[PDB]
Structures are given as C-alpha cells and as structure tokens.
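J.: target-v6.tsv (TSV, C-alpha atoms and all ligand atoms) pasted underneath:
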```tsv
chain	number	residue	atom	x	y	z
A	1	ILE	CA	53.22	58.27	3.80
A	2	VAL	CA	53.87	61.50	1.86
A	3	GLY	CA	54.22	64.69	3.88
A	4	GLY	CA	53.98	63.01	7.29
A	5	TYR	CA	56.24	62.79	10.32
A	6	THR	CA	58.30	60.15	12.09
A	7	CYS	CA	55.93	58.46	14.55
A	8	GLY	CA	58.55	57.41	17.08
A	9	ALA	CA	59.35	53.84	18.07
A	10	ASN	CA	56.28	51.86	19.18
A	11	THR	CA	53.97	54.89	19.43
A	12	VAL	CA	51.50	53.08	17.13
A	13	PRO	CA	51.37	49.72	18.94
A	14	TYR	CA	48.59	48.21	16.78
A	15	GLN	CA	50.53	48.75	13.54
A	16	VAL	CA	51.73	45.54	11.89
A	17	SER	CA	54.02	44.84	8.94
A	18	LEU	CA	53.10	42.02	6.57
A	19	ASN	CA	56.25	40.24	5.41
A	20	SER	CA	56.84	37.65	2.66
A	21	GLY	CA	60.61	38.04	2.61
A	22	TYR	CA	60.12	41.83	2.59
A	23	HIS	CA	57.57	44.37	3.76
A	24	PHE	CA	54.69	44.61	1.29
A	25	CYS	CA	51.63	45.78	3.27
A	26	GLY	CA	50.47	47.14	6.60
A	27	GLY	CA	47.74	45.92	8.90
A	28	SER	CA	46.10	46.38	12.28
A	29	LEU	CA	46.05	44.09	15.31
A	30	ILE	CA	42.45	43.87	16.54
A	31	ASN	CA	43.04	41.17	19.17
A	32	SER	CA	45.80	38.84	20.32
A	33	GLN	CA	45.41	36.47	17.34
A	34	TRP	CA	43.75	38.40	14.47
A	35	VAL	CA	44.94	41.08	12.05
A	36	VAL	CA	42.85	43.13	9.62
A	37	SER	CA	44.32	44.36	6.33
A	38	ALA	CA	43.31	45.09	2.74
A	39	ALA	CA	42.11	42.29	0.48
A	40	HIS	CA	44.38	43.49	-2.32
A	41	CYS	CA	47.29	42.69	0.02
A	42	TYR	CA	46.40	38.98	-0.09
A	43	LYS	CA	49.12	36.45	-0.74
A	44	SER	CA	50.26	33.08	0.57
A	45	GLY	CA	53.09	32.66	3.05
A	46	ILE	CA	52.55	35.80	5.14
A	47	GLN	CA	54.57	36.44	8.28
A	48	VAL	CA	53.09	39.06	10.61
A	49	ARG	CA	55.63	41.37	12.27
A	50	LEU	CA	54.49	43.17	15.43
A	51	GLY	CA	56.27	45.75	17.55
A	52	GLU	CA	58.23	47.09	14.58
A	53	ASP	CA	59.76	50.51	14.12
A	54	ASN	CA	62.81	50.05	11.87
A	55	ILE	CA	61.79	47.10	9.68
A	56	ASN	CA	65.42	46.45	8.67
A	57	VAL	CA	66.92	46.31	12.20
A	58	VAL	CA	66.04	44.02	15.10
A	59	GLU	CA	65.58	46.51	17.94
A	60	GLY	CA	64.21	44.27	20.71
A	61	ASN	CA	60.40	44.67	20.78
A	62	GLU	CA	59.51	42.61	17.70
A	63	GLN	CA	57.24	39.58	17.54
A	64	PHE	CA	57.37	37.53	14.33
A	65	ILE	CA	54.35	35.23	13.93
A	66	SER	CA	53.29	33.31	10.83
A	67	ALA	CA	49.72	33.40	9.57
A	68	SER	CA	47.68	30.21	9.81
A	69	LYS	CA	44.67	31.39	7.80
A	70	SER	CA	43.73	34.33	5.59
A	71	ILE	CA	40.11	35.28	4.86
A	72	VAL	CA	39.39	37.72	2.05
A	73	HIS	CA	35.96	39.32	2.24
A	74	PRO	CA	33.44	37.13	0.36
A	75	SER	CA	32.38	40.03	-1.90
A	76	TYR	CA	35.81	41.54	-2.63
A	77	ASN	CA	35.97	42.85	-6.20
A	78	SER	CA	39.55	43.44	-7.35
A	79	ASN	CA	38.39	45.40	-10.41
A	80	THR	CA	36.51	48.02	-8.36
A	81	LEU	CA	38.27	47.50	-4.99
A	82	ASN	CA	34.85	47.27	-3.34
A	83	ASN	CA	35.03	45.42	0.00
A	84	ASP	CA	38.82	45.74	0.15
A	85	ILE	CA	39.25	44.06	3.54
A	86	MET	CA	40.90	40.86	4.74
A	87	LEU	CA	41.38	39.01	8.03
A	88	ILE	CA	44.54	37.14	9.04
A	89	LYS	CA	44.71	34.67	11.94
A	90	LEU	CA	48.07	34.20	13.64
A	91	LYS	CA	49.41	30.71	14.33
A	92	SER	CA	49.80	31.69	17.99
A	93	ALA	CA	48.59	34.58	20.12
A	94	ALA	CA	50.75	37.69	20.37
A	95	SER	CA	52.00	38.88	23.75
A	96	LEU	CA	50.27	42.20	24.38
A	97	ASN	CA	51.93	45.04	26.29
A	98	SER	CA	52.32	48.82	26.01
A	99	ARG	CA	54.29	48.56	22.74
A	100	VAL	CA	52.18	45.78	21.18
A	101	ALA	CA	48.46	46.37	21.65
A	102	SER	CA	45.20	45.85	19.81
A	103	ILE	CA	43.03	48.62	18.40
A	104	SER	CA	39.30	48.72	19.14
A	105	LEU	CA	36.73	48.28	16.41
A	106	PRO	CA	34.21	51.10	16.02
A	107	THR	CA	30.70	51.12	17.43
A	108	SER	CA	29.64	53.84	14.97
A	109	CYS	CA	30.80	55.30	11.67
A	110	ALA	CA	32.95	58.42	11.99
A	111	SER	CA	31.75	61.68	10.47
A	112	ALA	CA	33.36	63.96	7.91
A	113	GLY	CA	35.68	66.46	9.56
A	114	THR	CA	36.93	63.97	12.15
A	115	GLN	CA	40.72	64.01	12.50
A	116	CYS	CA	42.44	60.64	12.10
A	117	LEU	CA	45.91	59.11	12.36
A	118	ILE	CA	47.31	57.20	9.36
A	119	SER	CA	50.58	55.27	9.52
A	120	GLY	CA	52.77	53.00	7.42
A	121	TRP	CA	56.14	52.23	5.85
A	122	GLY	CA	55.04	53.28	2.37
A	123	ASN	CA	56.59	55.57	-0.21
A	124	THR	CA	57.27	59.12	1.00
A	125	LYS	CA	57.50	60.90	-2.38
A	126	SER	CA	54.79	61.90	-4.84
A	127	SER	CA	57.10	62.19	-7.89
A	128	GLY	CA	59.82	59.67	-7.14
A	129	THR	CA	60.52	56.70	-4.90
A	130	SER	CA	61.98	56.64	-1.38
A	131	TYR	CA	60.88	54.02	1.11
A	132	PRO	CA	61.55	54.70	4.81
A	133	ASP	CA	62.80	52.14	7.28
A	134	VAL	CA	60.96	53.64	10.28
A	135	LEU	CA	57.23	54.14	10.70
A	136	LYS	CA	55.72	57.36	9.35
A	137	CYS	CA	52.58	59.09	10.63
A	138	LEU	CA	50.01	61.46	9.14
A	139	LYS	CA	47.09	63.32	10.70
A	140	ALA	CA	44.29	63.91	8.21
A	141	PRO	CA	40.54	64.63	8.28
A	142	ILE	CA	37.76	62.52	6.85
A	143	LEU	CA	36.29	64.28	3.83
A	144	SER	CA	32.60	64.62	3.03
A	145	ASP	CA	31.03	61.99	0.80
A	146	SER	CA	30.15	64.66	-1.78
A	147	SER	CA	33.74	65.88	-2.19
A	148	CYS	CA	34.95	62.26	-2.27
A	149	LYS	CA	32.53	61.35	-5.06
A	150	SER	CA	33.33	64.58	-6.92
A	151	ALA	CA	37.03	63.70	-6.87
A	152	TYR	CA	36.47	60.10	-8.07
A	153	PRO	CA	33.32	60.12	-10.22
A	154	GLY	CA	31.65	56.72	-10.45
A	155	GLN	CA	34.25	55.00	-8.25
A	156	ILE	CA	33.23	55.60	-4.60
A	157	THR	CA	30.94	52.96	-3.12
A	158	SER	CA	29.15	53.01	0.24
A	159	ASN	CA	32.09	50.94	1.56
A	160	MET	CA	34.68	53.67	0.92
A	161	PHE	CA	35.52	57.10	2.27
A	162	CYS	CA	38.08	59.77	1.44
A	163	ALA	CA	40.58	61.23	3.88
A	164	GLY	CA	43.35	63.74	3.33
A	165	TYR	CA	43.81	67.15	1.72
A	166	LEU	CA	42.38	68.27	-1.61
A	167	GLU	CA	45.29	70.70	-2.00
A	168	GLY	CA	47.65	67.70	-2.11
A	169	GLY	CA	51.06	67.24	-0.56
A	170	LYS	CA	49.95	64.91	2.26
A	171	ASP	CA	48.60	61.41	1.69
A	172	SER	CA	49.21	57.72	2.12
A	173	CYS	CA	50.95	55.89	-0.71
A	174	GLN	CA	52.15	52.56	-2.09
A	175	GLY	CA	53.38	50.33	0.71
A	176	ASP	CA	50.95	51.83	3.22
A	177	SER	CA	48.17	49.61	1.81
A	178	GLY	CA	46.31	47.61	4.44
A	179	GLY	CA	47.37	49.93	7.26
A	180	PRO	CA	45.20	51.68	9.83
A	181	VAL	CA	43.17	54.85	9.85
A	182	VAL	CA	42.41	55.50	13.53
A	183	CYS	CA	40.00	58.21	14.67
A	184	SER	CA	39.14	58.81	18.33
A	185	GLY	CA	40.89	55.60	19.35
A	186	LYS	CA	38.91	53.36	16.98
A	187	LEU	CA	39.84	51.72	13.68
A	188	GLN	CA	37.73	53.50	11.06
A	189	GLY	CA	39.65	52.88	7.83
A	190	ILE	CA	42.03	50.67	5.89
A	191	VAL	CA	44.50	52.16	3.41
A	192	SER	CA	42.97	51.06	0.10
A	193	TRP	CA	43.77	53.06	-3.05
A	194	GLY	CA	44.09	56.41	-4.78
A	195	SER	CA	45.26	58.06	-7.98
A	196	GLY	CA	48.98	58.52	-7.47
A	197	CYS	CA	49.97	59.94	-4.09
A	198	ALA	CA	49.39	63.40	-2.62
A	199	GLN	CA	48.07	64.77	-5.92
A	200	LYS	CA	45.78	67.78	-5.99
A	201	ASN	CA	42.07	66.88	-5.87
A	202	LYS	CA	42.96	63.17	-5.52
A	203	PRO	CA	42.76	62.29	-1.81
A	204	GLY	CA	43.28	58.83	-0.42
A	205	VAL	CA	40.45	56.29	-0.50
A	206	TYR	CA	39.92	53.99	2.48
A	207	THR	CA	37.80	50.96	3.33
A	208	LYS	CA	34.91	51.92	5.63
A	209	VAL	CA	35.54	49.54	8.53
A	210	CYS	CA	32.32	50.35	10.40
A	211	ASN	CA	30.37	48.54	7.66
A	212	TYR	CA	32.21	45.27	8.42
A	213	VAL	CA	32.08	44.98	12.23
A	214	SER	CA	29.44	42.24	12.13
A	215	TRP	CA	31.36	40.21	9.54
A	216	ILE	CA	34.60	40.56	11.51
A	217	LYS	CA	33.06	39.51	14.82
A	218	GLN	CA	31.17	36.57	13.31
A	219	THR	CA	34.26	35.35	11.43
A	220	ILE	CA	36.56	35.61	14.46
A	221	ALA	CA	34.04	33.74	16.62
A	222	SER	CA	33.99	30.75	14.22
A	223	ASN	CA	37.62	30.44	13.06
B	1	CA	CA	62.75	46.01	13.68
```
Translate the structure described by the file into structure tokens.
Ligand SMILES: [Ca+2]

T.:
Amino acid sequence: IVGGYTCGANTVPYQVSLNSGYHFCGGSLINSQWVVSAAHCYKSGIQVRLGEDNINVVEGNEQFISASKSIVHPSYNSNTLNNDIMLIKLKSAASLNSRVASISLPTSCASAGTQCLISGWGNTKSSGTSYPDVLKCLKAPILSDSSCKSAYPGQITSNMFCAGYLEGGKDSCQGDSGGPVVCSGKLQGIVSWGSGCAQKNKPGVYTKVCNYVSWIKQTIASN
C-alpha cells in the first residue's frame, strides 16, 4: 500500500496472509474454511495465516492453517489477467471471533464513486522498495468504467474495475495482490494488477467479485 495508513492490530479481521516460507500474497476469509485470493497468487504448499498484524512477530492472535485444496478459476488467463480469482480451502476450520472474522460476499455490484477499504502488507513506495511488517490501509473510490478503460486501453474486461486516484500517490502495490477491496461491508474487489504503483493516470485494477458469487457458492458447496 502506497500512501496509506497503519490499520491497527486486528482492525481488518478478514485479512489473511498467504505464506510459503514468507508472505507473498493477501487474501480474504469468506467463511470458517475458505479463503478467496487472486489466481496469479497460485502456488503449491500454501499456509494461511489469520489474525496477523506484524507478520514477523508472534503477537498472540494468530492462527496458522495449511491449505488442503486450491481452485483457480476455470477461465483464468494469465496473459490478460482476466478472471484473476482463486479459492483456497483450509485443512481445518478457523476459530472465528472479533479479531478473526469472515467478510460477506456482495449481493450486488458496487457503483463508481463508492468509497472502499484496501489493505495489505505490500510495498509502500512508488519509486523504491520498502515492505512493512504491519498491515497498511487505504481508502479509495471506485472509478467509472470509462475512466478505467481510458487509462488502460484494450486491457479492461467486464471482470475488472479501477479504484484509486488518477492524480497518483495512493494505490495498492506488489505484495498486496490477492487482498481485499471492501465497500459497505462487502467484498467487492481483489487486488489484481496495475502499471507500477501510485503512478499518475494509472490506478489500480481489481477483480470484480460480484461477477463470481455464483461460482464461489457452487464451488464451496461441492468441495
Ligand atoms: Ca504476527
């Protein structure tokens, strides 16, 4: 997160860290045994880390649970990043409380101008590299489809939306991938991609979760 603020310990209780010896992607807990992330975060041997604030210090609220199954969207295209969404099933159910909680899936697609909360442990600099140990937060609006397509000609599908600031300075970044975009208490986006971080006229691009609710529910009900 570039240009954000320190969330505070366990203020984002649905935020998860994906760990394969090290943090490499974020995700969102959608019920006691399933996590949603980005398909481009896929790898084998994932451990899901819940209740994290400082990912380098055991602080007392963590739950470490290995993944038993990963399901990349059947139509994921790594060349275009279309359908950049993935489901992860935990080997055992997490213990839910005030500091570890699931986030609700949307019943409708959010509109441009809606203010959302984006979070992650990603890079905090636009020209440089500095990774934080504690969770960072960013409030950003959803941008209109026309401004999104004008910023990324020929690259925005119906499964993507832009959020952020066209003036730059505030954006998600590498290491935030897979993390949540929450608007009005519902998961509306997944950190997907962008050209650099926090660059002028290059806002962040996010997976449009509302298009995948039926696939998520059907998959969870059968796995
Ligand atoms: Ca920790």

J.: So which one's closest to residue A:173, A:8, A:113, A:21, A:196? Using only C-alpha atoms, please.

T.: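 Checking each candidate against residue A:173, we get A:196 as the closest.
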
J.: For ligand CA 1 (chain B), list the contacting residues at 8 Å or closer, counting all atoms listed in the file, as a ChimeraX atom specification.

T.: /A:51-62

J.: As JSON, please: the centre and edge lengths in Å, to one decimal, of an axis-aligned box enclosing every listed atom of stretch 117-121 of chain A with 4 Å added on each side.

T.:
```
{"center_x": 51.0, "center_y": 55.7, "center_z": 9.1, "size_x": 18.2, "size_y": 14.9, "size_z": 14.5}
```

J.: For residue A:130, which residue out of A:175, A:195, A:87, A:48 is the nearest one, using all atoms listed in the file?

T.: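 Of the candidates, the smallest distance to residue A:130 is held by A:175.
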
J.: Name the closest residue to residue A:106 among the candidates A:189, A:122, A:74, A:164; distances are taken between atoms, counting all atoms listed in the file.

T.: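 Among A:189, A:122, A:74, A:164, it is A:189 that comes nearest to residue A:106.
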
J.: Which residue is closest to residue A:13? Choose from A:141, A:180, A:194, A:132 and count only C-alpha atoms.

T.: A:180

J.: Give me, as a list in words, all polymer residues having an atom no more than 10 Å from residue A:157, counting all atoms listed in the file and skipping those fewer than 3 positions away in the same chain.

T.: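 With the cut-off at 10 Å, the set is residues 80, 81, 82, 83, 145, 149, 154, 160, 161, 207 and 208 of chain A.
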
J.: Could you check which of A:65, A:30, A:112, A:218 is closest to residue A:186, using all atoms listed in the file?

T.: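 Answer, going by the shortest atom-to-atom distance: A:30.
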
J.: Take atom CA of residue A:143 and atom CA of residue A:202 and report the distance between them in Å, one decimal.

T.: 11.5 Å

J.: Using all atoms listed in the file, determine which residues lie at most 9 Å from residue A:102, disregarding the query and same-chain residues fewer than 5 positions distant; provide the list as an MDAnalysis selection string.

T.: chainID A and resid 13:15 28:32 96

J.: Of the candidates A:135, A:156, A:116, A:213, which shows the shortest atom-to-atom distance to residue A:104, using all atoms listed in the file?

T.: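 Of all the options, A:213 lies closest to residue A:104.
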